[PDB]
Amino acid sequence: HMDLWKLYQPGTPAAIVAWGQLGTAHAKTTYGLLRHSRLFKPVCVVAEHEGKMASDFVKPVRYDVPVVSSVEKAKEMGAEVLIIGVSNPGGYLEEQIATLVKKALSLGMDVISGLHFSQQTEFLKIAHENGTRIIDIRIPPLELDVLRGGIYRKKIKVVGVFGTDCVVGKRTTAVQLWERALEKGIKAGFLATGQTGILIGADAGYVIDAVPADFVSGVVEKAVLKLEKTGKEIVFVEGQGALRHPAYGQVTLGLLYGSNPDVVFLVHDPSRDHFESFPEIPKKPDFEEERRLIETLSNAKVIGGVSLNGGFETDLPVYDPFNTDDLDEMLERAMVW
């Protein structure tokens, strides 16, 4: 529905809200922005720690910025938009965030959020009452359709960055690839599939986990064809879950069908004896099985493994996404055929 690039000029200064989660795993969106934000220019972090720096809570970071405790101080520093960089907080934290949102809207600042609340009556009233807007990137479009076949007639090269579990470095790997292609002059696109990828400046995408099941593959197809229309020669697709994950495989399958990748990089953490957070599913992530399933369900070739923590045995090369030679190799290989 909302294209952040059609609404904001590149380098639009942004204040990022990490209230109550700064220094925890839950502020992943704030971390993605401070390390890779491409559209918005981070100016500060809004959290309860007056006088500190972002670097004092998370390291390393590309945009080290001050931590301010009020939206007012954030506006004093030229912040024009408020980005919600927290993930599923308790009802009490949620209320403090809603206050921050209301304040921003009332101080002439737009609010970009992918968090689910409910309080959308008041945000709209105050947005309209102050000429600001609340951009909800999580709500799926109302005008939707299922996949119709356009993806089978694509021209653009599609690179799926899949994984064997959730939270293994899929997005990090797709973003590293994207940034490297861009630095080499390649007309590269990034198709985000969640909150963080969108906020960092993805060229296209949706929060697919909130999309009614029937339309997952349809919206992914639309996103790939949108990037083709804007002149991109290649796209890095942020994977979600894993095909073998019993709670999320459906999402991963919709994504695979929707993007019809030419090649795939498979991200894996070989230390997990259970899917992360699912200690009661007698099943673990498996590189060769995921790979086998990916290839047997589509025409994609898994051309490489990727790891952010420890290698593993496989006939495929295992790349490190923070190694520039590996990035260059992966890129070169994705455009050979």
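Start at 1 and count along the sequence shown; that's the residue number.
According to the record, the deposited sequence contains 1 to 3 residues between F117 and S118 that were left without coordinates. Mean CA temperature factor is higher for 136 to 144 when stretches 94 to 102 and 136 to 144 are set side by side in the entry. Just going by the entry, 242 to 250 versus 84 to 92 on mean CA temperature factor gives the higher value to 84 to 92.
Ranked against the other modelled residues of its chain, the C-alpha B-factor of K59 as given in the entry falls in the highest third. Among all modelled residues in this chain, the alpha-carbon of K229 has a temperature factor (C-alpha) in the highest third. Annotation for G23: C-alpha temperature factor in the highest third relative to the rest of the modelled chain, per the entry. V264 sits in the lowest third of its chain by CA B factor, as recorded in the PDB entry. Among all modelled residues in this chain, the alpha-carbon of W178 has a temperature factor (C-alpha) in the middle third.
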